[PDB]
Amino acid sequence: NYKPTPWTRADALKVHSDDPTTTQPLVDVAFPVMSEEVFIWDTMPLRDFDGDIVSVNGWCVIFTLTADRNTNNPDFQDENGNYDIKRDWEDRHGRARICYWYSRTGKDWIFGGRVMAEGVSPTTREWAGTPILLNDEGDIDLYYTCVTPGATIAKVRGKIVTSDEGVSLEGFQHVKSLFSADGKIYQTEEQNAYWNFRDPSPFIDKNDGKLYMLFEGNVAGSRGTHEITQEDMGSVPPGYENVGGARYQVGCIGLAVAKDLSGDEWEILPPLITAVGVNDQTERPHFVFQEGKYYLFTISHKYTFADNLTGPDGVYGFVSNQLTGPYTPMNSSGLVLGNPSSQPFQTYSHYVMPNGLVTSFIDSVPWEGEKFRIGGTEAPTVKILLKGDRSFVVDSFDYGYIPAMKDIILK
Ligand SMILES: [Zn+2]
Ligand SMILES: [Zn+2]
Ligand SMILES: [Zn+2]
């Protein structure tokens, strides 16, 4: 049918940190925190099947990966008996639960609580995905990732109800497990104990009318066995032929197609982008559809790049005229919005919305000496412009500013 587009080593050699047109503004080390009771990180705005951020009866809604702050929990005290926020924050992944927040302004979010009651999720961990508003009766499918045991893309249906006072989510009771890594296209746990498989992002393509989804995967094959092809290399310059252990980096942006628009059955397809020999993690893939083009964004780490390559934490991107490619890297290298080198981990999980706004959460900011301040709260929103195969940072907004693009009046 089609071939994946490689993000090549030659592309990655063009990545440039601290390009001000593609660098997030510096986070204030004295940033405010939205809650003294919970951490948040990955944030998923409520959207429809094309990408539009939608409010409901005037209420904006975000879903967050969420965990309790264990400030007064002795299990998270050091030997002196003092709260160890670093240990608490770094243990959040095993405590992740999906919660919702709402606001009529797109900021100053009001906490709504858990989407699912404890026990509904097949796995205790509730990792990231996408909440889709299905209709103007308020039905929502939360696509998300069930992790440990295994890694399984799943969805759960519920409903949103509004009042003059706020928003309530109800009925998220029945998780439907959709699919896991297959082993022929996408790498399995048996092939690699560290395999990546997560982060569903569904969309409908009006060109064929079908329901698809993006997700993070790895190219199938036993860990360490992947061959680096000339197509993975690209046109590298003289002297840049040593790839080191690059065969261990095998990230890809996966694709699947639903049998019909209910999205209850899926067919796994070849990936759209592969990064063999370049980067192990193409996370949280998501589309912006603009001017008939397919803008494909993904989030990655400085330290998941292969040997003798590097880049900043942040969002990378690719653009094509067709869903299945060929894709060309944004800003020539792929980098769309990277962290500044003086605060390289200030934010993560950078999500580009079709209005150009990019949200992220604050992770770790340098503080004093070799100390760091931990966030667990929303970062200032950045605005970028997409022009052809290039992007430009053009504005900055308040912490966690995630407004809607359209408002849906419920029937
Ligand atoms: Zn729309
Ligand atoms: Zn309706
Ligand atoms: Zn990182």
# chains A, B, ... in the order shown; residues from 1 in each chain; ligands from 1

$ residues_near_ligand --ligand "ligand 3" --cutoff "6 Å" --atoms "only C-alpha atoms and all ligand atoms" --output "list in words"
residues 301, 302 and 313 of chain A

$ write_last_selection --atoms "N, CA, C and O atoms" --output "mmCIF file, in the first residue's frame"
data_model
loop_
_atom_site.group_PDB
_atom_site.id
_atom_site.type_symbol
_atom_site.label_atom_id
_atom_site.label_comp_id
_atom_site.auth_asym_id
_atom_site.auth_seq_id
_atom_site.Cartn_x
_atom_site.Cartn_y
_atom_site.Cartn_z
ATOM 1 N N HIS A 301 12.766 13.154 23.274
ATOM 2 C CA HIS A 301 13.746 13.469 24.303
ATOM 3 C C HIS A 301 15.133 13.633 23.714
ATOM 4 O O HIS A 301 15.542 12.863 22.840
ATOM 5 N N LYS A 302 15.880 14.594 24.263
ATOM 6 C CA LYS A 302 17.304 14.689 23.968
ATOM 7 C C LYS A 302 17.993 13.346 24.153
ATOM 8 O O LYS A 302 18.815 12.940 23.324
ATOM 9 N N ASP A 313 14.738 18.320 24.043
ATOM 10 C CA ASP A 313 13.379 17.908 24.377
ATOM 11 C C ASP A 313 12.400 18.862 23.711
ATOM 12 O O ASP A 313 12.621 20.077 23.682
#

$ select_by_dssp --residues "region 198-258 of chain A" --states "strand (DSSP E or B)" --output "list in words"
residues 198, 199, 200, 201, 202, 203, 204, 205, 210, 211, 212, 213, 214, 215, 216, 217, 218, 219, 251, 252, 253, 254, 255, 256, 257 and 258 of chain A

$ write_last_selection --atoms "N, CA and C atoms" --output "PDB file, in the first residue's frame"
ATOM      1  N   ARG A 198       1.910   3.306  22.980  1.00  0.00           N
ATOM      2  CA  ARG A 198       1.041   4.158  23.787  1.00  0.00           C
ATOM      3  C   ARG A 198       0.556   5.367  22.986  1.00  0.00           C
ATOM      4  N   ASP A 199      -0.382   6.104  23.586  1.00  0.00           N
ATOM      5  CA  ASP A 199      -0.744   7.460  23.174  1.00  0.00           C
ATOM      6  C   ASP A 199      -1.610   7.486  21.919  1.00  0.00           C
ATOM      7  N   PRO A 200      -2.828   6.958  21.978  1.00  0.00           N
ATOM      8  CA  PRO A 200      -3.696   6.991  20.797  1.00  0.00           C
ATOM      9  C   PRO A 200      -4.220   8.390  20.515  1.00  0.00           C
ATOM     10  N   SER A 201      -4.246   8.736  19.226  1.00  0.00           N
ATOM     11  CA  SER A 201      -4.785  10.011  18.754  1.00  0.00           C
ATOM     12  C   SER A 201      -5.665   9.736  17.539  1.00  0.00           C
ATOM     13  N   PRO A 202      -6.964   9.518  17.745  1.00  0.00           N
ATOM     14  CA  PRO A 202      -7.862   9.226  16.620  1.00  0.00           C
ATOM     15  C   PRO A 202      -8.188  10.462  15.802  1.00  0.00           C
ATOM     16  N   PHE A 203      -8.529  10.224  14.533  1.00  0.00           N
ATOM     17  CA  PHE A 203      -8.944  11.290  13.637  1.00  0.00           C
ATOM     18  C   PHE A 203      -9.721  10.655  12.492  1.00  0.00           C
ATOM     19  N   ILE A 204     -10.593  11.441  11.877  1.00  0.00           N
ATOM     20  CA  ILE A 204     -11.268  11.042  10.647  1.00  0.00           C
ATOM     21  C   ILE A 204     -10.624  11.799   9.494  1.00  0.00           C
ATOM     22  N   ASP A 205     -10.351  11.087   8.408  1.00  0.00           N
ATOM     23  CA  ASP A 205      -9.843  11.692   7.184  1.00  0.00           C
ATOM     24  C   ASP A 205     -11.018  11.880   6.235  1.00  0.00           C
ATOM     25  N   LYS A 210     -12.757   7.663   6.525  1.00  0.00           N
ATOM     26  CA  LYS A 210     -12.486   6.602   7.483  1.00  0.00           C
ATOM     27  C   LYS A 210     -11.929   7.161   8.781  1.00  0.00           C
ATOM     28  N   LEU A 211     -12.110   6.378   9.840  1.00  0.00           N
ATOM     29  CA  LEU A 211     -11.617   6.691  11.173  1.00  0.00           C
ATOM     30  C   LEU A 211     -10.272   6.002  11.348  1.00  0.00           C
ATOM     31  N   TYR A 212      -9.247   6.788  11.674  1.00  0.00           N
ATOM     32  CA  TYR A 212      -7.881   6.324  11.873  1.00  0.00           C
ATOM     33  C   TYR A 212      -7.422   6.680  13.282  1.00  0.00           C
ATOM     34  N   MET A 213      -6.243   6.185  13.655  1.00  0.00           N
ATOM     35  CA  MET A 213      -5.600   6.669  14.866  1.00  0.00           C
ATOM     36  C   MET A 213      -4.096   6.581  14.708  1.00  0.00           C
ATOM     37  N   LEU A 214      -3.428   7.595  15.233  1.00  0.00           N
ATOM     38  CA  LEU A 214      -1.987   7.596  15.429  1.00  0.00           C
ATOM     39  C   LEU A 214      -1.671   7.018  16.798  1.00  0.00           C
ATOM     40  N   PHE A 215      -0.446   6.517  16.944  1.00  0.00           N
ATOM     41  CA  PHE A 215       0.033   6.081  18.247  1.00  0.00           C
ATOM     42  C   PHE A 215       1.543   5.936  18.172  1.00  0.00           C
ATOM     43  N   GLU A 216       2.184   6.006  19.341  1.00  0.00           N
ATOM     44  CA  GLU A 216       3.609   5.734  19.432  1.00  0.00           C
ATOM     45  C   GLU A 216       3.858   4.235  19.408  1.00  0.00           C
ATOM     46  N   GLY A 217       4.758   3.802  18.530  1.00  0.00           N
ATOM     47  CA  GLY A 217       5.222   2.432  18.508  1.00  0.00           C
ATOM     48  C   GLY A 217       6.725   2.361  18.342  1.00  0.00           C
ATOM     49  N   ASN A 218       7.242   1.143  18.204  1.00  0.00           N
ATOM     50  CA  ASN A 218       8.610   0.870  17.791  1.00  0.00           C
ATOM     51  C   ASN A 218       8.553  -0.066  16.594  1.00  0.00           C
ATOM     52  N   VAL A 219       9.557   0.022  15.722  1.00  0.00           N
ATOM     53  CA  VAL A 219       9.632  -0.909  14.603  1.00  0.00           C
ATOM     54  C   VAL A 219       9.850  -2.314  15.143  1.00  0.00           C
ATOM     55  N   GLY A 251      12.151   4.071  17.246  1.00  0.00           N
ATOM     56  CA  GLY A 251      10.838   4.673  17.367  1.00  0.00           C
ATOM     57  C   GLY A 251      10.112   4.819  16.038  1.00  0.00           C
ATOM     58  N   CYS A 252       8.781   4.848  16.126  1.00  0.00           N
ATOM     59  CA  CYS A 252       7.973   5.123  14.944  1.00  0.00           C
ATOM     60  C   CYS A 252       6.621   5.689  15.351  1.00  0.00           C
ATOM     61  N   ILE A 253       5.995   6.384  14.400  1.00  0.00           N
ATOM     62  CA  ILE A 253       4.628   6.872  14.534  1.00  0.00           C
ATOM     63  C   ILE A 253       3.737   5.861  13.833  1.00  0.00           C
ATOM     64  N   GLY A 254       2.967   5.117  14.622  1.00  0.00           N
ATOM     65  CA  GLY A 254       2.104   4.094  14.075  1.00  0.00           C
ATOM     66  C   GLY A 254       0.759   4.631  13.630  1.00  0.00           C
ATOM     67  N   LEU A 255       0.077   3.820  12.820  1.00  0.00           N
ATOM     68  CA  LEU A 255      -1.229   4.146  12.262  1.00  0.00           C
ATOM     69  C   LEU A 255      -2.093   2.893  12.316  1.00  0.00           C
ATOM     70  N   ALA A 256      -3.381   3.076  12.603  1.00  0.00           N
ATOM     71  CA  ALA A 256      -4.369   2.009  12.495  1.00  0.00           C
ATOM     72  C   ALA A 256      -5.662   2.606  11.961  1.00  0.00           C
ATOM     73  N   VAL A 257      -6.502   1.750  11.379  1.00  0.00           N
ATOM     74  CA  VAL A 257      -7.750   2.183  10.758  1.00  0.00           C
ATOM     75  C   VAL A 257      -8.884   1.339  11.325  1.00  0.00           C
ATOM     76  N   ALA A 258      -9.987   1.998  11.670  1.00  0.00           N
ATOM     77  CA  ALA A 258     -11.151   1.311  12.212  1.00  0.00           C
ATOM     78  C   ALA A 258     -11.991   0.686  11.102  1.00  0.00           C
TER      79      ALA A 258
END

$ atom_distance --atom1 "CA of residue 278 (chain A)" --atom2 "CA of residue 374 (chain A)"
29.0 Å

$ closest_residue --among "A:270, A:6, A:138, A:354" --to "ligand 1" --atoms "only C-alpha atoms and all ligand atoms"
A:354

$ select_by_dssp --residues "region 230-302 of chain A" --states "alpha helix (DSSP H)" --output "number ranges by chain"
A: 230-233

$ residues_around --residues "region 180-194 of chain A" --least-positions-apart "2" --cutoff "8 Å" --atoms "only C-alpha atoms" --output "mmCIF file with N, CA and C atoms, in the first residue's frame"
data_model
loop_
_atom_site.group_PDB
_atom_site.id
_atom_site.type_symbol
_atom_site.label_atom_id
_atom_site.label_comp_id
_atom_site.auth_asym_id
_atom_site.auth_seq_id
_atom_site.Cartn_x
_atom_site.Cartn_y
_atom_site.Cartn_z
ATOM 1 N N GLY A 150 1.635 -5.277 30.354
ATOM 2 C CA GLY A 150 1.555 -4.997 28.933
ATOM 3 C C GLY A 150 1.339 -3.522 28.629
ATOM 4 N N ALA A 151 0.886 -3.286 27.397
ATOM 5 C CA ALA A 151 0.558 -1.952 26.904
ATOM 6 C C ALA A 151 -0.529 -2.102 25.855
ATOM 7 N N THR A 152 -1.706 -1.557 26.149
ATOM 8 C CA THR A 152 -2.906 -1.806 25.367
ATOM 9 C C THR A 152 -3.631 -0.493 25.144
ATOM 10 N N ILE A 153 -3.914 -0.188 23.887
ATOM 11 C CA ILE A 153 -4.728 0.972 23.550
ATOM 12 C C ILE A 153 -6.185 0.607 23.793
ATOM 13 N N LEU A 178 -8.679 -2.314 22.759
ATOM 14 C CA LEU A 178 -8.696 -2.304 21.300
ATOM 15 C C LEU A 178 -7.558 -3.126 20.700
ATOM 16 N N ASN A 196 8.055 0.587 23.418
ATOM 17 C CA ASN A 196 7.142 1.726 23.459
ATOM 18 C C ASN A 196 5.878 1.397 22.684
ATOM 19 N N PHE A 197 4.724 1.590 23.324
ATOM 20 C CA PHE A 197 3.434 1.422 22.655
ATOM 21 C C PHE A 197 2.395 2.168 23.482
ATOM 22 N N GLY A 217 4.758 3.802 18.530
ATOM 23 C CA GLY A 217 5.222 2.432 18.508
ATOM 24 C C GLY A 217 6.725 2.361 18.342
ATOM 25 N N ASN A 218 7.242 1.143 18.204
ATOM 26 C CA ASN A 218 8.610 0.870 17.791
ATOM 27 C C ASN A 218 8.553 -0.066 16.594
ATOM 28 N N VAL A 219 9.557 0.022 15.722
ATOM 29 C CA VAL A 219 9.632 -0.909 14.603
ATOM 30 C C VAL A 219 9.850 -2.314 15.143
ATOM 31 N N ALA A 220 9.045 -3.262 14.658
ATOM 32 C CA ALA A 220 9.088 -4.628 15.163
ATOM 33 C C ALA A 220 10.467 -5.247 14.954
ATOM 34 N N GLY A 221 10.839 -6.134 15.867
ATOM 35 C CA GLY A 221 12.084 -6.879 15.785
ATOM 36 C C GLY A 221 12.733 -7.006 17.151
ATOM 37 N N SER A 222 13.521 -8.068 17.322
ATOM 38 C CA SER A 222 14.212 -8.293 18.586
ATOM 39 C C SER A 222 15.180 -7.154 18.888
ATOM 40 N N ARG A 223 15.202 -6.731 20.150
ATOM 41 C CA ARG A 223 16.039 -5.608 20.563
ATOM 42 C C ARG A 223 17.486 -5.811 20.133
ATOM 43 N N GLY A 254 2.967 5.117 14.622
ATOM 44 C CA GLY A 254 2.104 4.094 14.075
ATOM 45 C C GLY A 254 0.759 4.631 13.630
ATOM 46 N N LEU A 269 -1.797 -0.797 10.708
ATOM 47 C CA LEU A 269 -1.211 -0.456 9.410
ATOM 48 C C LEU A 269 0.268 -0.108 9.557
ATOM 49 N N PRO A 270 1.017 0.007 8.460
ATOM 50 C CA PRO A 270 2.420 0.389 8.580
ATOM 51 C C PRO A 270 2.548 1.794 9.135
ATOM 52 N N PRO A 271 3.661 2.101 9.794
ATOM 53 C CA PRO A 271 3.810 3.430 10.396
ATOM 54 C C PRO A 271 3.972 4.511 9.336
#
